[PDB]
Protein chains: 2
Amino acid sequence: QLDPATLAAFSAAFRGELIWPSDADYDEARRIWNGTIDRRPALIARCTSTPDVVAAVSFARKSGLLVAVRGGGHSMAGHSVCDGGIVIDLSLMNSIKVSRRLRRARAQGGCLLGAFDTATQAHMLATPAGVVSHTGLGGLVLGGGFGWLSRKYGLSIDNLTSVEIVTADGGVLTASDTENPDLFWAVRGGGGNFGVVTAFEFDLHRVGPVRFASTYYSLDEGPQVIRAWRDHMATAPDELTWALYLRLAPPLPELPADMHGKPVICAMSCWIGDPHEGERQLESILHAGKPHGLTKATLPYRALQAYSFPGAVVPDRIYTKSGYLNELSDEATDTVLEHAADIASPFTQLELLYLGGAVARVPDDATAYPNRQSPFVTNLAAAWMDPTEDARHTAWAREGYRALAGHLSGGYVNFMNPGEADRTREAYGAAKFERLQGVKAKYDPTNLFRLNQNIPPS
Amino acid sequence: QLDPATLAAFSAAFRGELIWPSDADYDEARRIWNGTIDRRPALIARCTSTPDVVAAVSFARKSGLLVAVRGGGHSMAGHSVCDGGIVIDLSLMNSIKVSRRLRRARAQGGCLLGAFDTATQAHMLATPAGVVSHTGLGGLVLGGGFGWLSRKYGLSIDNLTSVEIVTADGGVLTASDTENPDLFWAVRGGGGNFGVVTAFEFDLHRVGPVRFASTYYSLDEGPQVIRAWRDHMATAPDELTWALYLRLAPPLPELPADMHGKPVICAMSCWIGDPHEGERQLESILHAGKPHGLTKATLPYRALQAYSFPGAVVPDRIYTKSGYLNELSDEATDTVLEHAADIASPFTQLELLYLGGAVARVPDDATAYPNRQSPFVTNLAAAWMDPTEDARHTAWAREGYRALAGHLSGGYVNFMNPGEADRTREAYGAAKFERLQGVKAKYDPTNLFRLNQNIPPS
Ligand SMILES: Cc1cc2nc3c(=O)[nH]c(=O)nc-3n(C[C@H](O)[C@H](O)[C@H](O)COP(=O)(O)OP(=O)(O)OC[C@H]3O[C@@H](n4cnc5c(N)ncnc54)[C@H](O)[C@@H]3O)c2cc1C
Ligand SMILES: Cc1cc2nc3c(=O)[nH]c(=O)nc-3n(C[C@H](O)[C@H](O)[C@H](O)COP(=O)(O)OP(=O)(O)OC[C@H]3O[C@@H](n4cnc5c(N)ncnc54)[C@H](O)[C@@H]3O)c2cc1C
């Protein structure tokens with residue numbers, strides 16, 4: 001419990017909504033996407049403006065509260081809710097200003113991808129982000145951020161030009177290439193370690209309809225499909241994006257009844273460019289195996305962003321183990337095929353992603369984001385509903401990771417699970433981590449922002 | 001020019017951004033979706049909160065300025081921008097709160113539909129709205145609001161539980177079925193006539209994946225297709241929505257190149273319900289003619305919302321003529337088909353829509369929205385780029401409306417064009433218009449809010 005004078009000064013200065021443990025909406029407001037994370041904050045501060053974040057940050061500093069920051073709540077490590085502290089909740093700060101003439105967007109730190117993509121696509125514009133519309137822009141960008149447009153236009157952070165950020169001392173800074181560039185380097189891949197970003201400014205690109213295809217392959221054909229994918233993507237043009245999701249076949253009308261609920265490869269591909277060139281490019285990779293339940297469409301980019309994933313049935317409980325690879329050996333391929341065959345939940349996916357492209361043409365040290373040179377990402381994304389089944393699904397993710405871990409290097413900070421705080425050094429590597437620690441010593445010396453993949457100062 | 005003490009009082013109490021005619025942003029901020037409307041306001045006030053709106057409304061009243069209110073800026077009459085007045089611009093108020101347990105959404109009056117649907121679909125919830133993601137929620141709901149979910153769940157206003165509204169005198173009111181119910185009746189169909197809605201509260205429904213189909217028919221088979229559409233829809237279950245859009249075929253790879261740029265019927269259909277039943281219901285309506293470029297998919301609802309329209313081009317200039325039909329005779333069908341063959345712009349649509357269903361089962365006098373018992377809507381929506389071609393496109397819409405005038409009645413206020421201020425009485429009918437005038441006499445007696453399909457007080 002808190003100082004009255006400190007709390008009263010906070011309440012007068014705070015324009016947003018405060019949510020106490022006794023309030024009706026406390027239980028829904030403290031839930032985040034990873035439902036296995038059950039925590040009880042002392043206070044949830046729903047900010048509506050940059051002055052609100054300044055007041056909440058100062059309040060937390062003086063009062064000694066543990067600080068959780070929440071954008072869209074999608075932390076796979078559960079960092080956006082704390083026990084006994086304050087949640088600086090940005091979900092009500094989701095305004096977007098788009099300039100069609102300048103090809104610029106200014107978005108508040110609480111935006112969801114779908115709101116952002118709606119605003120830019122009102123002008124046939126877009127900039128890279130993740131593939132699920134209700135992910136938060138805040139956490140996604142600060143870790144790097146990749147999706148459909150990334151092989152063509154880079155990570156989200158490769159299109160970011162400045163941020164407004166509230167630092168631990170309550171001061172509001174602007175960071176960019178011309179102002180506080182040490183800070184600007186660190187927020188592009190260093191997470192929420194350095195303060196609360198209340199505004200992101202992006203460069204946008206013209207993105208009209210995209211030819212898109214999704215289809216399913218029998219695991220019978222697993223070896224030939226994954227090897228075709230790995231070989232083709234090594235030399236594919238930047239305009240082609242092709243991703244593999246190993247999962248149980250959803251009970252959908254386009255799929256034969258005898259495939260429902262059985263392990264399959266779900267392959268999703270799109271061409272960022274001319275749709276007629278796209279139709280020719282996709283037809284030539286869709287028949288690596290016999291395609292079942294093939295869906296082909298020419299979609300507005302916003303509808304591509306909203307498509308993922310097939311089945312659309314939001315899971316309650318999640319556990320992820322992820323890593324990068326430099327190559328995908330035959331030994332690795334048979335390992336992922338064997339564990340795909342043991343998937344138990346219809347909501348679990350073993351994701352095989354290929355980045356590279358424009359992501360890999362940015363020099364390594366240009367941003368805080370690591371592993372630009374590793375084009376492969378594997379993600380064992382277990383998801384389920386029943387809390388008494390946690391061990392079964394968590395064990396699938398862990399045993400698959402361990403069987404693969406020798407082939408893996410690094411790790412995407414935004415795919416880390418609640419027990420992977422120790423993976424931070426191996427994620428960034430030694431030189432980036434050390435540079436990150438020096439920025440942290442300058443801007444967050446007391447480590448006030450430690451619910452993240454944390455970088456201790458000095 | 002403005003009295004400097006009133007202006008300083010406004011600027012102190014206003015926590016948003018003011019955009020003056022001398023500012024660099026002025027020309028982009030005063031543009032609205034309908035590019036034929038070129039107006040220069042004295043001031044654009046970008047509000048960030050309900051108190052911002054209160055200050056702007058009170059500043060406009062005291063200064064005698066003409067008030068334009070802007071949500072998403074999609075007014076087909078150009079009402080969201082004014083010459084010499086103030087634009088009360090809500091585009092930055094786009095925050096949404098969703099309660100999964102209570103199945104409820106609270107959205108600010110500046111929201112765009114895509115932002116709304118992203119927030120609700122994070123919980124697999126939805127409530128009816130329009131078919132294009134970057135339409136503003138504010139104007140659409142105040143005029144009624146229909147789209148994919150409407151035959152099943154009604155108009156947007158049929159799911160509205162309450163509003164927070166800033167009236168002409170500067171007061172903030174709540175309106176619901178138990179609090180100011182005369183105002184709550186009028187805002188549900190009466191447009192912006194009664195004040196600035198800063199928050200809408202909605203009931204939500206669970207909407208998982210939906211089977212969807214879009215395809216194209218030659219006008220050669222046009223009489224067979226339209227007759228099958230009007231016959232089938234008279235007795236179709238609520239779960240089926242089927243819409244026809246007569247247009248030039250977009251140059252998409254799913255269509256044979258010899259159809260590109262020639263008039264066709266674009267037919268879009270969905271089943272709000274089980275996708276397997278949806279696949280059977282859709283297949284039963286897809287073959288009244290030979291379907292070309294057939295796209296079939298099982299989509300998350302948010303992706304269905306983001307799909308329209310094929311080609312994903314934003315036109316700069318628009319002109320619309322719309323009315324309702326109680327029946328669609330064979331003679332009207334021939335008139336529609338002949339007029340469609342004359343379409344010149346690739347962005348023009350002659351839309352044939354069928355509402356009915358849940359829309360028609362709400363008692364006529366339960367809301368201010370008129371014509372619930374007319375199932376058909378036709379919208380001659382001309383759209384183009386070149387400002388030297390205005391006359392030809394505008395004349396296409398007017399001549400088609402005049403050729404159909406024997407079959408048309410009423411009119412949707414949200415489809416009115418800039419020259420249709422006179423149609424307000426015919427749209428609502430005498431009895432509804434008179435009662436609307438009595439509510440207006442009470443809440444906006446000076447007709448402060450007149451940039452809308454206007455209802456004079458008394
Ligand atoms: C279903 C799903 C799909 C995903 N798809 C992708 C994908 O396609 N591509 C991809 O790259 N990632 C993807 N992700 C991962 C995503 O990038 C991370 O989970 C990210 O951290 C989520 O951001 P958030 O704001 O929603 O999360 P939150 O839980 O709100 O926050 C995440 C972290 O960032 C911090 N943070 C958030 N907002 C701010 C802010 N404004 N200022 C400072 N710190 C902040 C929080 O303190 C926390 O440490 C996906 C995740 C999920 C669950
Ligand atoms: C491409 C396109 C697709 C469309 N599709 C559909 C569809 O599927 N279904 C449908 O029913 N309609 C549809 N519409 C029409 C739409 O309902 C109207 O154009 C609506 O008025 C647009 O709302 P807005 O806030 O974007 O418009 P604006 O131009 O910002 O405002 C329109 C009117 O509403 C008033 N207003 C707006 N917000 C508020 C508020 N918060 N409080 C008070 N008054 C307010 C304004 O003063 C003005 O009179 C479509 C329009 C377009 C251009």
Side-chain angles (χ1 to χ4, degrees), chain A residues 15 25 27-28 31 33 48-49 51 72 91-97 99-102 110-115 117-119 121-124 133-134 208-209 211 214 250-254 275-276 278-280 295-314, chain B residues 15 25 27-28 31 33 46 48-49 72 91-97 99-101 110-119 121-124 133-134 208-209 211 214 250-254 275-276 278-280 295-314:
Chain A
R15 254 70 60 111
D25 44 5
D27 271 349
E28 274 197 312
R31 197 207 189 285
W33 184 76
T48 62
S49 72
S91 64
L92 303 183
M93 297 165 73
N94 64 324
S95 94
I96 312 117
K97 282 178 292 207
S99 171
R100 182 191 294 187
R101 150 173 220 186
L102 308 174
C111 288
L112 306 184
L113 305 186
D117 283 317
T118 300
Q121 286 271 282
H123 310 277
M124 318 190 245
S133 301
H134 46 267
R211 195 65 176 159
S214 75
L252 297 183
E254 56 266 46
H276 280 90
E279 172 75 7
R280 286 185 296 269
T295 300
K296 276 200 295 189
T298 310
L299 302 172
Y301 171 71
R302 56 172 176 268
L304 174 65
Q305 281 299 80
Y307 181 80
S308 303
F309 288 104
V313 186
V314 182
Chain B
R15 281 166 268 127
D25 294 336
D27 274 351
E28 257 195 321
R31 168 94 201 296
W33 176 79
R46 291 224 163 128
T48 56
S49 67
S91 56
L92 296 185
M93 298 162 64
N94 72 336
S95 88
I96 311 127
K97 299 196 245 167
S99 170
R100 189 187 299 214
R101 191 206 158 185
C111 286
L112 312 184
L113 306 185
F116 184 87
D117 293 298
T118 301
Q121 281 276 281
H123 313 275
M124 222 194 308
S133 308
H134 48 266
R211 197 69 173 147
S214 75
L252 297 188
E254 57 261 47
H276 284 272
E279 169 70 12
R280 290 186 292 265
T295 302
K296 272 202 295 158
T298 310
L299 298 181
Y301 171 69
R302 54 164 180 271
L304 170 68
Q305 283 295 84
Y307 180 84
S308 307
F309 284 104
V313 189
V314 170

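By convention in this document, chain letters (A, B, ...) are assigned in the order of the sequence lines, proteins followed by strands, and residues within each chain are numbered from 1. Reckoned from all heavy atoms, side chains included, excluding hydrogens, waters and symmetry mates.
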side-chain contact (heavy atoms from CB on, under 4.5 Å), that's the test. Do B/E254 and A/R211 meet it? Break it down for me. CA-CA 10 Å; B/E254 57 261 47; A/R211 195 65 176 159; 3.2 Å; yes
Heavy-atom pairs under 4.5 Å with chain B, option from A/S49, A/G208, A/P209 with the top count: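 Heavy-atom pairs under 4.5 Å are most numerous for A/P209.
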* Rounded to the nearest 0.5 Å, what's the gap from CG on A/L102 to CG on B/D25? Could you check? =>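 A/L102 CG to B/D25 CG: 8.0 Å, rounded to 0.5 Å.
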task: Would you mind telling me which of B/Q121, B/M124, B/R31, B/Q305 has the largest number of heavy-atom pairs within less than 4.5 Å of chain A?
output: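 Most heavy-atom pairs under 4.5 Å with chain A: B/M124.
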Contact leader toward chain A among B/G72, B/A312, B/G278, where contacts are heavy-atom pairs under 4.5 Å:
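That would be B/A312.
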If only side-chain N and O atoms count, and only distance matters, is there a donor-acceptor pair under 3.5 Å linking A/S99 with B/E28?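 Side-chain D/A pair, B/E28 to A/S99: present.
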Check whether [X] gets within reach of chain B through its side chain, its backbone, both or neither, counting any heavy atom under 4.5 Å.
X	result
A/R100	both
A/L252	both
A/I96	both
A/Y301	neither

Minimal non-hydrogen separation, [X] against [Y], with atom names:
X	Y	answer
A/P253	B/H276	CA-CE1, 3.5 Å
A/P300	B/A306	CG-O, 3.6 Å
B/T118	A/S133	CG2-O, 3.3 Å
B/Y307	A/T298	CE1-O, 4.2 Å

- Query: Can you check whether A/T295 reaches B/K296 side chain to side chain, under 4.5 Å on heavy atoms?
  - Reply: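 With C-beta onward as the side chain, the pair stays apart.
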*asked:* With heavy-atom distances below 4.5 Å as the criterion, would you say the side chains of B/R46 and A/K97 are in contact?
replied: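 A side-chain contact under 4.5 Å exists here.
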Inset, instruction - Mind running side-chain contact (heavy atoms from CB on, under 4.5 Å) on A/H134 and B/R302 for me, showing each step along the way? - result: CA-CA 10 Å; A/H134 46 267; B/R302 54 164 180 271; 3.8 Å; yes
* Go through the steps to decide whether A/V314 and B/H123 satisfy the test side-chain contact (heavy atoms from CB on, under 4.5 Å), and finish with yes or no. => CA-CA 7 Å; A/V314 182; B/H123 313 275; over 6 Å; no
